[PDB]
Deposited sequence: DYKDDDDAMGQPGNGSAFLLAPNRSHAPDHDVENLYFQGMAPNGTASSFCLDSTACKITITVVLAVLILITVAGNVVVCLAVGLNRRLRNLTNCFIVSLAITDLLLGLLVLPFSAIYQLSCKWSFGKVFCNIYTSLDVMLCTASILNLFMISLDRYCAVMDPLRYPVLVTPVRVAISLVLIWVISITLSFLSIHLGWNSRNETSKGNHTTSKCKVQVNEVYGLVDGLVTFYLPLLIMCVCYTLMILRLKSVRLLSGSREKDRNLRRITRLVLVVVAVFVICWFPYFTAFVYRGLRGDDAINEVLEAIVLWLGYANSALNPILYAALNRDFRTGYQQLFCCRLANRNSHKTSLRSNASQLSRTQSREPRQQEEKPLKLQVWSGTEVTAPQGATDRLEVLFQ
């Protein structure tokens, strides 16, 4: 009885993640209006949540329901490395979009000159190269479950999640303070566009942080107080709560921004 319900829930989650990410990709690519330099990061995030669903999620589902691993160590290392790489390739795209918004808001009239398209291409290429190199030089070279230890496990929690979070919080606090202080930003329509896009980015970032904070807190604690310190139910509830964010993001994109809603309505 319970197994049927959980399998249906997992199938629904995978379905929503795949369908939503393909919808975002199709809408952004097809419609000319929605092709802008800020949406390059959003499409990258869409690909980075498309792959997690297409590949990582089905195996995690099988493993969770069956409760046994059978594919073998050779595949298992690929699956954990891939899983690790996609997380590193999502916490860097969020950083770049937040840098875009800080650059636009804090220094208006210089946004076109500073954020050149070549720079955006360099940023995406660098982000993927660093993600893949780190994932396979911390998977192939050492240091199915992620294996916490003395320095590898503790260091990753502090450097990957907690460090970008505080820079992003400082950037957003300053951006909100300037936004409140100033009266007119850049034409009235331009001001409203900047404010609405800033709201979109701030809500996507806050949703990501709220979804992934419990898992990383557990990850730090398991290093601090032992691998088996926490229960299994607490260990596996957080993972799925973290994974739900990929499905959740397309709904946020459509609801917050009118252009996404229009493009989706045209598409289907």
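Unmodelled regions of the deposited chain sequence (numbering from residue 1, in sequence order): 1 to 54, 198 to 212, 256, 339 to 400.
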